[PDB]
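Here's the letter readout for the chains.
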Amino acid sequence: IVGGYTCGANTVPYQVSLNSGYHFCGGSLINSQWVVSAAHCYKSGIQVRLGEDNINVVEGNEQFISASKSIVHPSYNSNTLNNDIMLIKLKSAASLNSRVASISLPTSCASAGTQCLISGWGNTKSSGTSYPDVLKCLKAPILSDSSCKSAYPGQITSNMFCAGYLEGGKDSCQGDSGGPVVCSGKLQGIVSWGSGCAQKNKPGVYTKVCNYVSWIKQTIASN
Ligand SMILES: N=C(N)c1ccc(/C=N/O[C@H]2CCCCO2)cc1
Ligand SMILES: [Ca+2]
């Protein structure tokens, strides 16, 4: 997260870190045994880390649970990033409390102008590279589909939305991938892609979660 703020320990209780020896992606806990992330975060040997603030220090509220299976969206295209969504099942159910909690799925799509909270442990610099240890947060508005398409001609599908600031300076970044965009207590987006980070006229692009609720529910129901 570039141009954001320190969230505060366990203030984003649905935020997970995906770990394969090191943090490599975010995710969102949607019930005691399932996490939603980006398909471009797919790899084998994922351990899900819940209740994290400083990802480099055991602070007392962590739950580390290995994934039993991952399901990449049936229509994910890694070239265009269309359908950039993946479900991860935990080997055992997380113990849910105030600091480790699920986030609700949307019942309808959010509109341009809706203010959302974007979070993660990704790069904090728009030019260089600096990775934070503690969770970073950014409040950002959903942008109009027209401005999104104008920013990225030929690249925005109906399964994507832009959020952020066309002036630049405030954005998600590398390492935030797969993490949440939460608007009025609903998971509306997943950190997906962008041209660099926090660049002028290049806002963040996010997977449009409301399009996938049917798939998420039915997948969970049978797995
Ligand atoms: N500007 C953004 N909001 C932005 C930019 C980039 C990303 C993530 N990229 O993932 C890279 C790094 C490694 C995995 C695949 O390739 C997210 C948001
Ligand atoms: Ca920790």
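Residues numbered from 1 in each chain as written, not as in the entry; some residues may be left out. Chains lettered and ligands numbered in written order. Heavy atoms only, no water.

By the method listed in its record, X-ray crystallography, this PDB entry was determined to a resolution of 1.75 Å.

Per the PDB entry, the protein chain goes by Cationic trypsin and derives from Bos taurus. Looking at the PDB record, one finds the entry titled "Crystal Structure of Trypsin complexed with (E)-4-((tetrahydro-2H-pyran-2-yloxyimino)methyl)benzimidamide (soaking 4hours)". Listed in UniProt under the heading Subcellular location, the comment for the protein chain reads: "Secreted, Extracellular space". UniProt annotates the protein chain under Sequence similarities with the comment "Belongs to the peptidase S1 family." (UniProt positions renumbered as here; feature names shortened; annotations may be inferred.)

Turning our eyes to something else, we now look at the nonpolar core. Ranked by internal contacts, the top residues of the largest apolar core, which has 43 residues, are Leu 18, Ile 30, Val 48 and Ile 216. Shared between two domains, this core takes at least three residues from each, and those domains are domain 1 (1-12 + 103-210) and domain 2 (13-102 + 211-222). Residue contacts for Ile 30: discarding those within four places in its chain leaves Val 36, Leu 87, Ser 102, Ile 103, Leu 105, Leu 187, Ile 216 and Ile 220. Ranked by size, the runner-up nonpolar core spans 13 residues in total, among them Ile 1, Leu 138, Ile 142 and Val 181. (Core = buried A, V, L, I, M, F, W, Y, C linked by side-chain atoms within 4.5 Å. Buried < 20%, exposed > 50% of the residue type's maximum accessible area, 1.4 Å probe, protein only. Domains from an automatic or database assignment. Contact = heavy atoms within 4.5 Å.)

Okay, the UniProt feature "disulfide bond" in the protein chain next. A sulfur gap of 2.0 Å between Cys 109 and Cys 210 means the disulfide that UniProt records is present in these coordinates. Of the two residues, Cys 109 sits in the loop between β7 (86-90) and β8 (115-120) while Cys 210 sits in the loop between β13 (204-208) and α2 (213-221), which places them 101 residues apart along the sequence. In this structure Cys 109 comes out as partly exposed when scored by relative accessible area, which is 37%. Residue classification places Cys 210 among the buried positions, given a relative accessible area of 15%. For the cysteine pair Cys 173 and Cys 197, annotated in UniProt as disulfide-bonded, the sulfur atoms lie 2.0 Å apart, consistent with the bond being present in this model. Highlighted residues: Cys 173 in the loop between β10 (160-163) and β11 (180-183) and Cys 197 in the loop between β12 (186-193) and β13, separated in sequence by 24 residues. (Disulfide = S-S within 2.5 Å. Helix = DSSP H or I, 4+ residues; strand = E, 2+ residues; numbered from the N terminus.)

Take the site of ligand 1 next. Every residue near ligand 1 is listed here: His 40, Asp 171, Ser 172, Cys 173, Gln 174, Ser 177, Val 191, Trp 193, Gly 194, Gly 196, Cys 197 and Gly 204. Here a nitrogen atom of ligand 1 and a side-chain polar atom of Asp 171 are 2.8 Å apart. Here a nitrogen atom of ligand 1 sits 3.4 Å away from a polar atom, N or O, in the side chain of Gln 174. Coverage of ligand 1 by the protein chains reaches 70% of its 440 Å² of free accessible surface. Residue composition of the shell around ligand 1, by class: four nonpolar, seven polar and one charged. (Near = heavy atom within 4 Å. Polar contact = N/O pair within 3.5 Å; in protein donor to acceptor, adjacent residues only side chain to side chain. Areas by Shrake-Rupley, 256 points an atom, 1.4 Å probe, with all protein chains shown as cover. Nonpolar A, V, L, I, M, F, W, Y, C, P; charged D, E, K, R; others polar.)

A few words now on the pairing of β12. Summarising burial for β12: seven of the eight residues are buried, a large majority. Both β11 and β12 contribute to a ladder of four bridges, which runs antiparallel. Its bridge partner lying in β12, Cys 183 is registered against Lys 186. Linkage of β11 to β12, two consecutive antiparallel strands, is achieved through a turn of two residues, within which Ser 184 is found at a positive phi near 50°. Bridging between β12 and β13 involves four bridges; their strand directions are antiparallel. Residue pairing for β13: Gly 189 is matched across the bridge by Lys 208. (Pairing = 2+ DSSP bridges.)

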